[PDB]
Every structure is written in structure tokens, then in C-alpha cells.
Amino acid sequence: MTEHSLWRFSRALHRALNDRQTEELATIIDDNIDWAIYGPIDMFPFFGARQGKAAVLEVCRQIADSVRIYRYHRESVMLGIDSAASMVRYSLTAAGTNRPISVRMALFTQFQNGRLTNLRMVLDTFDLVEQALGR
């Protein structure tokens, strides 16, 4: 097996966030996914822990609504058979206000049977909040 599930997920998520085409993402997310993105839910209600595909698709819908990503930079990637860790920077612009924002994130993923079963994301949340408030 020669195309890692991480890459498939990354493409599927791109389609969902940028083109609002969510079919590939829905295929890849496990029905019982165990998910968390650590950040301030008061500002970004789509952060936090979620269980199950439906709730994770809702997170991704809210993110798609909020941002458009125009550049990706992959800084570190550690691949295993059914797992991966990586560090990536997103350059985006915020819907409506068109605020530019750069987000640096660290992602740990687990897969089973080609589906995403576990995700944990840490990002530079202070830098994010500062950029969003612009103060």
C-alpha cells in the first residue's frame, strides 16, 4: 500500500473547506471518530472535542464557512502504517472581513481501514487570536 491515508484525508479536507464539496471527507471520517482541536471555543465555537462523524462534519462545515486557505506549508511529517504526525502552516483569509491569518498546527492522526478514527490538533492559539482581533 503506497498512498498514505493522511494524504487522502488532506485532499478530502481541502475539497470540503475550499470547494464546499464534502463527499470525500464524509467517506474518510470514521463513524465513531474521536476528535479534538485544542483552542478557545469562545472565539472559535468549532474548536474542542467531538465524537462521531456527524459532529466532525459540522466542525468542518463551520470552518469552511469561516475561512479560505490559499497556501499550505508542510514543515515536518512523521508517517507510520495507520498513523501520522505532522506540522503544517495554513495561510488563509477570513470570510467577509478578508482578514489574513497564518495558522501553525501540529496534527496527530490514527486510521483504521482507511478511515480517520482519531485526530488531535494543537495550534499556536495566542498568535491566532491576536491575528484575528488584529490587536
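The numbering used is simple: start at 1 and walk along the sequence shown.
Higher mean CA B-factor, judged across 85-93 and 66-74 from the recorded values: 66-74. The PDB entry records a higher mean C-alpha B factor for 1-9 than for its counterpart among 125-133 and 1-9. For the set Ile101, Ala36, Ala106, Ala55, the maximum C-alpha B-factor listed in the entry falls on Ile101. In the deposited entry, the Cα temperature factor of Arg20 sits in the top third of values across the chain's modelled residues.
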